[PDB]
>>> print(open('query-v6.pdb').read())   # PDB, C-alpha atoms and all ligand atoms
ATOM      1  CA  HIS A   1      -1.318  18.250  -6.418  1.00  0.00           C
ATOM      2  CA  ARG A   2       1.771  16.305  -5.453  1.00  0.00           C
ATOM      3  CA  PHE A   3       1.186  12.890  -6.980  1.00  0.00           C
ATOM      4  CA  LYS A   4       3.283  10.043  -5.711  1.00  0.00           C
ATOM      5  CA  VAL A   5       2.946   6.457  -6.988  1.00  0.00           C
ATOM      6  CA  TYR A   6       0.904   4.276  -4.670  1.00  0.00           C
ATOM      7  CA  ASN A   7       0.365   0.575  -4.169  1.00  0.00           C
ATOM      8  CA  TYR A   8      -3.366   0.134  -3.514  1.00  0.00           C
ATOM      9  CA  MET A   9      -4.636  -2.579  -1.221  1.00  0.00           C
ATOM     10  CA  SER A  10      -8.282  -2.576  -2.406  1.00  0.00           C
ATOM     11  CA  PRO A  11      -9.961  -1.966  -5.800  1.00  0.00           C
ATOM     12  CA  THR A  12      -9.744   1.780  -6.196  1.00  0.00           C
ATOM     13  CA  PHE A  13     -11.120   3.872  -8.982  1.00  0.00           C
ATOM     14  CA  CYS A  14      -9.547   6.773 -10.658  1.00  0.00           C
ATOM     15  CA  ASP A  15     -10.905  10.045  -9.288  1.00  0.00           C
ATOM     16  CA  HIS A  16     -10.415  11.616 -12.684  1.00  0.00           C
ATOM     17  CA  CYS A  17     -12.023   9.185 -15.173  1.00  0.00           C
ATOM     18  CA  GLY A  18     -13.917   6.647 -13.066  1.00  0.00           C
ATOM     19  CA  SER A  19     -12.238   3.417 -14.290  1.00  0.00           C
ATOM     20  CA  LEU A  20     -10.515   0.964 -12.009  1.00  0.00           C
ATOM     21  CA  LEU A  21      -6.810   1.375 -11.195  1.00  0.00           C
ATOM     22  CA  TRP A  22      -5.768  -1.959 -12.568  1.00  0.00           C
ATOM     23  CA  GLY A  23      -2.885  -4.019 -11.227  1.00  0.00           C
ATOM     24  CA  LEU A  24      -1.531  -5.556  -8.055  1.00  0.00           C
ATOM     25  CA  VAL A  25       0.931  -2.783  -7.223  1.00  0.00           C
ATOM     26  CA  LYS A  26       1.827   0.632  -8.745  1.00  0.00           C
ATOM     27  CA  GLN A  27      -1.767   0.951  -9.888  1.00  0.00           C
ATOM     28  CA  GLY A  28      -1.892   4.722  -9.869  1.00  0.00           C
ATOM     29  CA  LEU A  29      -0.744   7.951  -8.278  1.00  0.00           C
ATOM     30  CA  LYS A  30      -2.140   9.300  -4.981  1.00  0.00           C
ATOM     31  CA  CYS A  31      -1.821  13.036  -4.293  1.00  0.00           C
ATOM     32  CA  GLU A  32       0.104  13.344  -1.032  1.00  0.00           C
ATOM     33  CA  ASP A  33      -1.826  16.369   0.106  1.00  0.00           C
ATOM     34  CA  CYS A  34      -5.485  15.684  -0.655  1.00  0.00           C
ATOM     35  CA  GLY A  35      -5.530  11.948  -1.510  1.00  0.00           C
ATOM     36  CA  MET A  36      -6.881  12.176  -5.110  1.00  0.00           C
ATOM     37  CA  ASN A  37      -6.128   8.894  -6.930  1.00  0.00           C
ATOM     38  CA  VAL A  38      -5.357   8.858 -10.631  1.00  0.00           C
ATOM     39  CA  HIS A  39      -4.198   6.537 -13.395  1.00  0.00           C
ATOM     40  CA  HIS A  40      -0.661   7.346 -14.662  1.00  0.00           C
ATOM     41  CA  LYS A  41      -2.428   8.322 -17.956  1.00  0.00           C
ATOM     42  CA  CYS A  42      -4.780  10.702 -16.209  1.00  0.00           C
ATOM     43  CA  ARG A  43      -2.307  12.638 -14.048  1.00  0.00           C
ATOM     44  CA  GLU A  44      -1.706  15.120 -16.864  1.00  0.00           C
ATOM     45  CA  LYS A  45      -5.426  15.748 -17.461  1.00  0.00           C
ATOM     46  CA  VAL A  46      -6.276  16.795 -13.872  1.00  0.00           C
ATOM     47  CA  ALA A  47      -6.429  20.563 -12.937  1.00  0.00           C
ATOM     48  CA  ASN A  48      -3.609  21.459 -10.524  1.00  0.00           C
ATOM     49  CA  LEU A  49      -6.008  22.926  -7.933  1.00  0.00           C
ATOM     50  CA  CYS A  50      -5.562  20.971  -4.800  1.00  0.00           C
TER      51      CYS A  50
ATOM     52  CA  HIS B   1      -4.154 -13.043  13.734  1.00  0.00           C
ATOM     53  CA  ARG B   2      -5.266 -12.978  10.127  1.00  0.00           C
ATOM     54  CA  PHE B   3      -2.133 -11.989   8.246  1.00  0.00           C
ATOM     55  CA  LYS B   4      -2.547 -10.745   4.725  1.00  0.00           C
ATOM     56  CA  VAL B   5       0.381  -9.623   2.539  1.00  0.00           C
ATOM     57  CA  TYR B   6       0.763  -5.863   2.441  1.00  0.00           C
ATOM     58  CA  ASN B   7       2.555  -3.354   0.265  1.00  0.00           C
ATOM     59  CA  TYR B   8       4.019  -0.755   2.641  1.00  0.00           C
ATOM     60  CA  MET B   9       4.339   2.862   1.619  1.00  0.00           C
ATOM     61  CA  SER B  10       6.867   3.922   4.297  1.00  0.00           C
ATOM     62  CA  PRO B  11       9.780   2.138   6.042  1.00  0.00           C
ATOM     63  CA  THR B  12       8.037  -0.156   8.478  1.00  0.00           C
ATOM     64  CA  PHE B  13       9.607  -2.432  11.005  1.00  0.00           C
ATOM     65  CA  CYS B  14       8.604  -5.876  11.918  1.00  0.00           C
ATOM     66  CA  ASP B  15       6.549  -5.900  15.113  1.00  0.00           C
ATOM     67  CA  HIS B  16       7.974  -9.293  15.949  1.00  0.00           C
ATOM     68  CA  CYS B  17      11.766  -8.940  15.516  1.00  0.00           C
ATOM     69  CA  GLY B  18      12.416  -5.219  15.072  1.00  0.00           C
ATOM     70  CA  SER B  19      14.198  -5.282  11.670  1.00  0.00           C
ATOM     71  CA  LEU B  20      13.020  -3.348   8.659  1.00  0.00           C
ATOM     72  CA  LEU B  21      10.519  -4.906   6.234  1.00  0.00           C
ATOM     73  CA  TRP B  22      12.753  -4.690   3.226  1.00  0.00           C
ATOM     74  CA  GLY B  23      11.522  -4.201  -0.323  1.00  0.00           C
ATOM     75  CA  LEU B  24       9.397  -1.930  -2.464  1.00  0.00           C
ATOM     76  CA  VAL B  25       6.237  -4.039  -2.361  1.00  0.00           C
ATOM     77  CA  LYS B  26       5.168  -7.289  -0.608  1.00  0.00           C
ATOM     78  CA  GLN B  27       7.479  -6.388   2.250  1.00  0.00           C
ATOM     79  CA  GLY B  28       5.579  -8.231   4.938  1.00  0.00           C
ATOM     80  CA  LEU B  29       2.237  -9.372   6.281  1.00  0.00           C
ATOM     81  CA  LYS B  30      -0.204  -7.068   8.116  1.00  0.00           C
ATOM     82  CA  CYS B  31      -2.774  -8.662  10.438  1.00  0.00           C
ATOM     83  CA  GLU B  32      -6.177  -7.564   9.152  1.00  0.00           C
ATOM     84  CA  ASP B  33      -7.674  -7.327  12.599  1.00  0.00           C
ATOM     85  CA  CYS B  34      -5.092  -5.616  14.799  1.00  0.00           C
ATOM     86  CA  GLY B  35      -2.528  -4.279  12.285  1.00  0.00           C
ATOM     87  CA  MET B  36       0.581  -6.180  13.534  1.00  0.00           C
ATOM     88  CA  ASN B  37       3.244  -6.149  10.786  1.00  0.00           C
ATOM     89  CA  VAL B  38       5.589  -9.079  10.321  1.00  0.00           C
ATOM     90  CA  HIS B  39       8.254 -10.398   7.971  1.00  0.00           C
ATOM     91  CA  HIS B  40       7.132 -13.506   6.008  1.00  0.00           C
ATOM     92  CA  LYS B  41       9.825 -15.363   8.064  1.00  0.00           C
ATOM     93  CA  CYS B  42       8.412 -14.160  11.351  1.00  0.00           C
ATOM     94  CA  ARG B  43       4.716 -14.931  10.826  1.00  0.00           C
ATOM     95  CA  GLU B  44       5.200 -18.445  12.191  1.00  0.00           C
ATOM     96  CA  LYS B  45       7.015 -17.261  15.336  1.00  0.00           C
ATOM     97  CA  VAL B  46       4.267 -14.883  16.559  1.00  0.00           C
ATOM     98  CA  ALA B  47       1.719 -16.079  19.237  1.00  0.00           C
ATOM     99  CA  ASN B  48      -1.783 -16.326  17.735  1.00  0.00           C
ATOM    100  CA  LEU B  49      -3.315 -14.052  20.401  1.00  0.00           C
ATOM    101  CA  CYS B  50      -4.780 -11.127  18.630  1.00  0.00           C
TER     102      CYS B  50
HETATM  103 ZN    ZN C 101      -4.101  17.095  -4.338  1.00  0.00          ZN
HETATM  104 ZN    ZN C 102      -8.165   7.571 -15.089  1.00  0.00          ZN
HETATM  105 ZN    ZN C 103      -3.788  -9.587  14.887  1.00  0.00          ZN
HETATM  106 ZN    ZN C 104      10.768 -10.048  11.609  1.00  0.00          ZN
END
>>> encode(input="query-v6.pdb", output="structure tokens", more="lines below")
Ligand SMILES: [Zn+2]
Ligand SMILES: [Zn+2]
Ligand SMILES: [Zn+2]
Ligand SMILES: [Zn+2]
Amino acid sequence: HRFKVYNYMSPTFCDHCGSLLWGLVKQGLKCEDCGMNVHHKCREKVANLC
Amino acid sequence: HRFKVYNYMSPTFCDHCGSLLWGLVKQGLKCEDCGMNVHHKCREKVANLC
């Protein structure tokens, strides 16, 4: 994965843990290649396989 | 048009005046129906026709 920080325009959940990516901006990280969305706290817990 | 404020993820120009929508977040307004992108200062100068 190549996670880049993303500003989400709709309530989006974290593809790793299932809770909402809270906030107005900078809510999480979106992988540039496959679109997985994760909380900053969950990026490290995701397998690299993309 | 139904302009809603948008957080752009790439350098985007204003479809009304041609200058860059400056900033990291809240750079401009995107029309929800046809995707036109405008600076907050240009929203009022755009014809309504969407
Ligand atoms: Zn990925
Ligand atoms: Zn999470
Ligand atoms: Zn429009
Ligand atoms: Zn403009």
>>> interface_residues(input="query-v6.pdb", of="chain B", to="chain A", cutoff="12 Å", atoms="only C-alpha atoms", output="number ranges by chain")
B: 4-10, 24-27, 30, 32
>>> write_last_selection(input="query-v6.pdb", atoms="C-alpha atoms", output="JSON list (two decimals), keeping the file's coordinate frame")
[["chain", "number", "residue", "atom", "x", "y", "z"],
["B", 4, "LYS", "CA", -2.55, -10.74, 4.72],
["B", 5, "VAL", "CA", 0.38, -9.62, 2.54],
["B", 6, "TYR", "CA", 0.76, -5.86, 2.44],
["B", 7, "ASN", "CA", 2.56, -3.35, 0.26],
["B", 8, "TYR", "CA", 4.02, -0.76, 2.64],
["B", 9, "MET", "CA", 4.34, 2.86, 1.62],
["B", 10, "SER", "CA", 6.87, 3.92, 4.30],
["B", 24, "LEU", "CA", 9.40, -1.93, -2.46],
["B", 25, "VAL", "CA", 6.24, -4.04, -2.36],
["B", 26, "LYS", "CA", 5.17, -7.29, -0.61],
["B", 27, "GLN", "CA", 7.48, -6.39, 2.25],
["B", 30, "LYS", "CA", -0.20, -7.07, 8.12],
["B", 32, "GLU", "CA", -6.18, -7.56, 9.15]]
>>> calpha_fit_and_write(input="query-v6.pdb", fixed="chain B", moving="chain A", output="PDB file with C-alpha atoms, in the coordinates of the input")
ATOM      1  CA  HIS A   1      -4.153 -13.042  13.734  1.00  0.00           C
ATOM      2  CA  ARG A   2      -5.266 -12.978  10.127  1.00  0.00           C
ATOM      3  CA  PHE A   3      -2.133 -11.989   8.246  1.00  0.00           C
ATOM      4  CA  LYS A   4      -2.546 -10.744   4.726  1.00  0.00           C
ATOM      5  CA  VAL A   5       0.381  -9.623   2.539  1.00  0.00           C
ATOM      6  CA  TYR A   6       0.763  -5.863   2.441  1.00  0.00           C
ATOM      7  CA  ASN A   7       2.554  -3.354   0.265  1.00  0.00           C
ATOM      8  CA  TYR A   8       4.019  -0.755   2.641  1.00  0.00           C
ATOM      9  CA  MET A   9       4.339   2.862   1.618  1.00  0.00           C
ATOM     10  CA  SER A  10       6.867   3.922   4.298  1.00  0.00           C
ATOM     11  CA  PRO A  11       9.780   2.138   6.042  1.00  0.00           C
ATOM     12  CA  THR A  12       8.037  -0.155   8.478  1.00  0.00           C
ATOM     13  CA  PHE A  13       9.607  -2.432  11.005  1.00  0.00           C
ATOM     14  CA  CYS A  14       8.604  -5.876  11.918  1.00  0.00           C
ATOM     15  CA  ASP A  15       6.549  -5.899  15.113  1.00  0.00           C
ATOM     16  CA  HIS A  16       7.974  -9.292  15.949  1.00  0.00           C
ATOM     17  CA  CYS A  17      11.766  -8.940  15.517  1.00  0.00           C
ATOM     18  CA  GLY A  18      12.417  -5.219  15.072  1.00  0.00           C
ATOM     19  CA  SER A  19      14.197  -5.282  11.670  1.00  0.00           C
ATOM     20  CA  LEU A  20      13.020  -3.348   8.659  1.00  0.00           C
ATOM     21  CA  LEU A  21      10.519  -4.906   6.234  1.00  0.00           C
ATOM     22  CA  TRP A  22      12.754  -4.690   3.226  1.00  0.00           C
ATOM     23  CA  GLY A  23      11.522  -4.202  -0.323  1.00  0.00           C
ATOM     24  CA  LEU A  24       9.397  -1.931  -2.464  1.00  0.00           C
ATOM     25  CA  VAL A  25       6.236  -4.039  -2.362  1.00  0.00           C
ATOM     26  CA  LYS A  26       5.168  -7.289  -0.609  1.00  0.00           C
ATOM     27  CA  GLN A  27       7.479  -6.388   2.250  1.00  0.00           C
ATOM     28  CA  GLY A  28       5.579  -8.232   4.938  1.00  0.00           C
ATOM     29  CA  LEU A  29       2.237  -9.372   6.281  1.00  0.00           C
ATOM     30  CA  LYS A  30      -0.205  -7.068   8.116  1.00  0.00           C
ATOM     31  CA  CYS A  31      -2.774  -8.662  10.438  1.00  0.00           C
ATOM     32  CA  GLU A  32      -6.177  -7.564   9.153  1.00  0.00           C
ATOM     33  CA  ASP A  33      -7.674  -7.327  12.598  1.00  0.00           C
ATOM     34  CA  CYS A  34      -5.092  -5.617  14.800  1.00  0.00           C
ATOM     35  CA  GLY A  35      -2.528  -4.279  12.285  1.00  0.00           C
ATOM     36  CA  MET A  36       0.581  -6.180  13.535  1.00  0.00           C
ATOM     37  CA  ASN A  37       3.244  -6.149  10.786  1.00  0.00           C
ATOM     38  CA  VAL A  38       5.589  -9.079  10.321  1.00  0.00           C
ATOM     39  CA  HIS A  39       8.254 -10.398   7.970  1.00  0.00           C
ATOM     40  CA  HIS A  40       7.133 -13.506   6.007  1.00  0.00           C
ATOM     41  CA  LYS A  41       9.825 -15.362   8.064  1.00  0.00           C
ATOM     42  CA  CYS A  42       8.412 -14.159  11.351  1.00  0.00           C
ATOM     43  CA  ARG A  43       4.716 -14.931  10.826  1.00  0.00           C
ATOM     44  CA  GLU A  44       5.200 -18.446  12.191  1.00  0.00           C
ATOM     45  CA  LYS A  45       7.015 -17.260  15.336  1.00  0.00           C
ATOM     46  CA  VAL A  46       4.267 -14.883  16.559  1.00  0.00           C
ATOM     47  CA  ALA A  47       1.718 -16.080  19.236  1.00  0.00           C
ATOM     48  CA  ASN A  48      -1.784 -16.326  17.735  1.00  0.00           C
ATOM     49  CA  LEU A  49      -3.315 -14.052  20.400  1.00  0.00           C
ATOM     50  CA  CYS A  50      -4.780 -11.127  18.630  1.00  0.00           C
TER      51      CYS A  50
END
>>> resolve_selection(input="query-v6.pdb", expression="the PyMOL selection byres (((chain A and resi 2) around 6) and not hetatm)", output="ChimeraX atom specification")
/A:1,3,31-32
>>> closest_residue(input="query-v6.pdb", among="B:15, B:38, B:33, B:20", to="residue 50 in chain B", atoms="all atoms listed in the file")
B:33
>>> atom_distance(input="query-v6.pdb", atom1="CA of residue 22 in chain A", atom2="CA of residue 35 in chain A")
17.8 Å
>>> residues_near_ligand(input="query-v6.pdb", ligand="ligand ZN 102 (chain C)", cutoff="8 Å", atoms="all atoms listed in the file", output="mmCIF file with C-alpha atoms, in the frame of the given file")
data_model
loop_
_atom_site.group_PDB
_atom_site.id
_atom_site.type_symbol
_atom_site.label_atom_id
_atom_site.label_comp_id
_atom_site.auth_asym_id
_atom_site.auth_seq_id
_atom_site.Cartn_x
_atom_site.Cartn_y
_atom_site.Cartn_z
ATOM 1 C CA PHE A 13 -11.120 3.872 -8.982
ATOM 2 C CA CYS A 14 -9.547 6.773 -10.658
ATOM 3 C CA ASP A 15 -10.905 10.045 -9.288
ATOM 4 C CA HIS A 16 -10.415 11.616 -12.684
ATOM 5 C CA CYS A 17 -12.023 9.185 -15.173
ATOM 6 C CA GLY A 18 -13.917 6.647 -13.066
ATOM 7 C CA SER A 19 -12.238 3.417 -14.290
ATOM 8 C CA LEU A 20 -10.515 0.964 -12.009
ATOM 9 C CA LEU A 21 -6.810 1.375 -11.195
ATOM 10 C CA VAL A 38 -5.357 8.858 -10.631
ATOM 11 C CA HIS A 39 -4.198 6.537 -13.395
ATOM 12 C CA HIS A 40 -0.661 7.346 -14.662
ATOM 13 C CA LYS A 41 -2.428 8.322 -17.956
ATOM 14 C CA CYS A 42 -4.780 10.702 -16.209
ATOM 15 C CA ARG A 43 -2.307 12.638 -14.048
#
>>> closest_residue(input="query-v6.pdb", among="A:44, A:34, A:12, A:23", to="ligand ZN 101 (chain C)", atoms="all atoms listed in the file")
A:34
>>> atom_distance(input="query-v6.pdb", atom1="CA of residue 49 in chain B", atom2="atom ZN of ligand ZN 103 (chain C)")
7.1 Å
>>> axis_aligned_box(input="query-v6.pdb", around="range 31-43 of chain A", padding_each_side="4 Å", output="JSON")
{"center_x": -3.4, "center_y": 11.5, "center_z": -8.9, "size_x": 15.0, "size_y": 17.8, "size_z": 26.1}
>>> atom_distance(input="query-v6.pdb", atom1="CA of residue 46 in chain B", atom2="CA of residue 29 in chain B")
11.8 Å
>>> decode(input="query-v6.pdb", residues="chain B", atoms="C-alpha atoms", output="compact mmCIF listing (two decimals), in the first residue's frame")
# COMPACT_ATOMS: atom_id res chain seq x y z
CA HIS B 1 -25.78 25.19 -9.70
CA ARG B 2 -25.70 23.78 -6.20
CA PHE B 3 -22.26 24.70 -4.94
CA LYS B 4 -20.96 22.87 -1.93
CA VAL B 5 -17.52 23.52 -0.40
CA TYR B 6 -14.96 20.94 -1.45
CA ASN B 7 -11.56 19.82 -0.26
CA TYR B 8 -9.48 19.24 -3.41
CA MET B 9 -6.83 16.56 -3.53
CA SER B 10 -4.92 17.87 -6.59
CA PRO B 11 -4.19 21.39 -7.94
CA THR B 12 -7.49 22.42 -9.45
CA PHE B 13 -8.27 25.58 -11.30
CA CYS B 14 -11.31 27.68 -11.07
CA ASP B 15 -13.69 26.96 -13.95
CA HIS B 16 -14.83 30.55 -13.85
CA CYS B 17 -11.61 32.64 -13.84
CA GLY B 18 -8.79 30.20 -14.56
CA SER B 19 -6.62 30.77 -11.44
CA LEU B 20 -5.63 28.03 -9.06
CA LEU B 21 -7.87 27.15 -6.10
CA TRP B 22 -5.29 27.88 -3.47
CA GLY B 23 -5.07 26.08 -0.14
CA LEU B 24 -4.81 22.64 1.39
CA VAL B 25 -8.51 22.21 2.16
CA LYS B 26 -11.69 24.27 1.53
CA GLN B 27 -10.09 25.59 -1.63
CA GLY B 28 -13.31 26.24 -3.50
CA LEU B 29 -16.87 25.19 -4.18
CA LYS B 30 -17.82 22.24 -6.43
CA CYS B 31 -21.31 22.21 -7.97
CA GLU B 32 -22.94 18.97 -6.81
CA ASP B 33 -24.79 18.46 -10.04
CA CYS B 34 -22.34 19.24 -12.84
CA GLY B 35 -18.96 19.42 -11.04
CA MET B 36 -18.03 23.06 -11.91
CA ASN B 37 -15.29 24.25 -9.50
CA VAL B 38 -15.13 27.85 -8.37
CA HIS B 39 -13.30 30.12 -5.95
CA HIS B 40 -15.53 31.36 -3.07
CA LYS B 41 -15.08 34.85 -4.69
CA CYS B 42 -16.26 33.64 -8.07
CA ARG B 43 -19.41 31.75 -7.06
CA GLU B 44 -21.47 34.93 -7.35
CA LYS B 45 -20.16 35.78 -10.84
CA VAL B 46 -21.14 32.46 -12.49
CA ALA B 47 -24.46 32.21 -14.49
CA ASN B 48 -26.92 29.88 -12.72
CA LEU B 49 -27.39 27.68 -15.82
CA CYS B 50 -26.33 24.24 -14.88
